[PDB]
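Data first, discussion second: the structure below is written as structure tokens.
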Amino acid sequence: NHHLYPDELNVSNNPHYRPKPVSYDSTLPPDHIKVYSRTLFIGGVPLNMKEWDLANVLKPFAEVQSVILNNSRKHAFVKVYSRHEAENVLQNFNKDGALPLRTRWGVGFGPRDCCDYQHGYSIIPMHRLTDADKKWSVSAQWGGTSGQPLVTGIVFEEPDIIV
RNA sequence: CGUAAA
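If you want PDB author numbering, it's the 1-based position in the first sequence plus 301.
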């Protein structure tokens, strides 16, 4: 819908193919999970710049999955295909400051108030996930757990949603 | 200096 490629699948022959890191963190509270964001907040987006432009400026550093732009308020939300890629964008992209864009973390998944925007993850208690959120966490195309059921301690990358 | 759509 807001994706570049709406119907794509996360499979070896797709050049956008990515693995789905799942680890388990013993220090999480009972019935809590950890979700690393793939969503990026970009601000200072000039008025002349569009969705395809933003995608292309990040091309060197990361392959872009989706772009919700809001030209009037000068911001956009850009999901990239992997957490590794997002982290690379936050360090290396626009390191000189030639472009007017500023890159900070964003929240694609779970409650907003569970997110650490400095480090870029959410520690979410499972009771604050909708049936939908629990569904997408396991069944998602990019990110998620890919079939591993949700349990205390589980850590995964931001799953794709339906909107 | 703008953190949203479900």
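Note that the Cβ used here is the ideal one computed from N, Cα and C, for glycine as well.
> Where does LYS435 land, buried or exposed, given buried means 16+ other C-beta within 10 angstroms?
Replying inline: exposed
> Which runs of the beta strand (DSSP E), 3 residues or longer, sit entirely within the segment 419-449?
Replying inline: 422-426
> How would you label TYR306, buried or exposed, when you count the other beta carbons within 10 angstroms and need 16 or more for buried?
Replying inline: exposed
> In whole angstroms, what separates the C-alpha of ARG405 from that of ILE343?
Replying inline: Taking the CA atoms as reference points, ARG405 sits about 6 Å from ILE343.
>> Can you give me the C-alpha to C-alpha distance between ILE463 and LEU402, rounded to a whole angstrom?
In response: C-alpha separation (whole angstroms): 28 Å.
>> Within the continuous beta strand (DSSP E) that includes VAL336, where are the two ends?
In response: 333-337
> When you compare each of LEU370, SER327 and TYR337 to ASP354 by their alpha carbons, which one comes out closest?
Replying inline: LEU370
>> On a Cα-Cα basis, can you pick out the residue from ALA433, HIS317 and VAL358 that is closest to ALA399?
In response: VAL358
> From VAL312 to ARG319, what distance separates their C-alpha atoms?
Replying inline: Near 8 Å, if we compare the C-alpha coordinates of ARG319 and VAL312.
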